[PDB]
Amino acid sequence: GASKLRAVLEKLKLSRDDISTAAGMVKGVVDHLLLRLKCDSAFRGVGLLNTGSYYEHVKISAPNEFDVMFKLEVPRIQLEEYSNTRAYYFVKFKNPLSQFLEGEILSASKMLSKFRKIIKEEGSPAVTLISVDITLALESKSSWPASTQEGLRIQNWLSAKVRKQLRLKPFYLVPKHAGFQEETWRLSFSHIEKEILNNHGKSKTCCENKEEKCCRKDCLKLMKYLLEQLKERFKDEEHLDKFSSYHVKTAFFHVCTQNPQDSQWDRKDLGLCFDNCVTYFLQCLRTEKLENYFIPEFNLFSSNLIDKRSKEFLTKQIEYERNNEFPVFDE
Ligand SMILES: O=C(CO)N1CCc2[nH]c3c(Cl)c(Cl)cc(-c4cn[nH]c4)c3c2C1
Ligand SMILES: [Zn+2]
């Protein structure tokens, strides 16, 4: 009964106990850069983004590297859509950050340079320094941009009441450049993704008692592990470098929308539920369409982002893994 999958989840768990002391190693360094960045005039309002502040690794199989976001409050921000890219925006103001202005557009590269220099004296999203990536993120308490109006389709799964509640929380903007226009900012909903993951069932008591243990989380871990295993095996063939755990997480949220009932995620159906996630992710690869869960018109599997041969290469390897009962999972 899917004994191979649960042995993979067990092996992954046994490599996540030495971090209870290795997270304090990272939590201490963060509070230093957090406390020292407040001495500068620009970053007076920085903070640890996640409410629980638990730093989530992009790689589920690399317990050594972490990823953390620094959030700074700013006066009322106004956005301008860049070249019909539904996620990239220029930032204006409706204050200390004026030193980074390039006319009206708030400069992303100017803020990174000063962000790098302050930490240096202690692709484009984060700077690195066990390993830790640190991404800067502008917090906007305004309503979510128009391109998010038909996203977050959780109404039949987490209820329209919860959706309306999540839309009231702020959204975030990280420096990211798309050509490669060096001055745009990209939308970020990492806080919404974390809240959905830890509050994932249609029942409010999902995974709060043994009678309601679902395998939603375990399926996502298996999807993350499958991709990381394939990316490592074929690291010398360049097609798989584009793919990341965010693509797998995005496709996972779509499968949750497609399967809104908790009964469709029974613990006993781990093999069937994981197979549902592999099939849907394969469909996204073949059709070259994996839309952002919050921005439906931002296709993460578009040609401009990931080449087509890479997608059919990953399709080839995933289908090979599925047909052979996943040899990357054994031993
Ligand atoms: O490592 C990388 C790639 O550099 N990623 C992991 C972290 C992350 N977070 C993202 C958010 Cl929040 C949004 Cl909106 C979009 C994308 C995105 C993914 N592919 N193209 C855009 C991402 C990514 C991607
Ligand atoms: Zn659950």
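We use all heavy atoms of the structure for the numbers below, so side chains are in, but hydrogens, waters and symmetry mates are not. As the structure lists them, so they are numbered: ligands from 1, and atoms in each ligand from 1. Residue numbers count from 1 along this sequence.
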### Task
List every atom of ligand 1 that sits less than 4.0 Å from any heavy atom of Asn292, numbering the atoms from 1 in the order shown and giving each element.
14 (Cl)

## Note on the structure
The SG(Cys207)-the Zn ion (ligand 2)-SG(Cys206) angle, to 10°, is 130°

### Message
Please report whether the ring centroid of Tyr82 lies less than 6.0 Å from that of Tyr89.
### Response
no

### Basic-acidic side-chain contact under 4.0 Å: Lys110, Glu183
no

### Message
Under 4.0 Å from atom 16 (C) of ligand 1, is there at least one protein heavy atom?
### Response
yes

### Query
Quick one: do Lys308 and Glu312 make a salt bridge, cutoff under 4.0 Å?
yes

### Task
Look up atom NE2 in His247 and atom CG in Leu314, then write down how far apart they are to the nearest 0.5 Å.
10.0 Å

### Message
I'd like to know if the side chain of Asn299 reaches the main chain of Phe301, judged simply by a donor and an acceptor atom lying under 3.5 Å from each other, with no hydrogens or angles considered.
### Response
yes

### Summary
Contact region, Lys176 to ligand 1, non-hydrogen atoms below 4.0 Å, reads side chain

### Message
Closer than 4.0 Å to some heavy atom of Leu300 - which atoms of ligand 1 meet that?
### Response
17 (C), 18 (C), 19 (N), 20 (N), 21 (C)

### Query
At the Zn ion (ligand 2), what's the angle from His200 NE2 to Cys214 SG, rounded to 10 degrees?
90°

### Query
Relative to atom 2 (C) of ligand 1, which among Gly123, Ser124, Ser244, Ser302 owns the nearest non-hydrogen atom?
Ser244

### Task
Enumerate the atoms of ligand 1 whose separation from the nearest heavy atom of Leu187 is less than 4.0 angstrom.
14 (Cl)

### Query
Under 4.0 Å between a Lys/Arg side-chain N and an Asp/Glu carboxylate O for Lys249 and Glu193?
yes

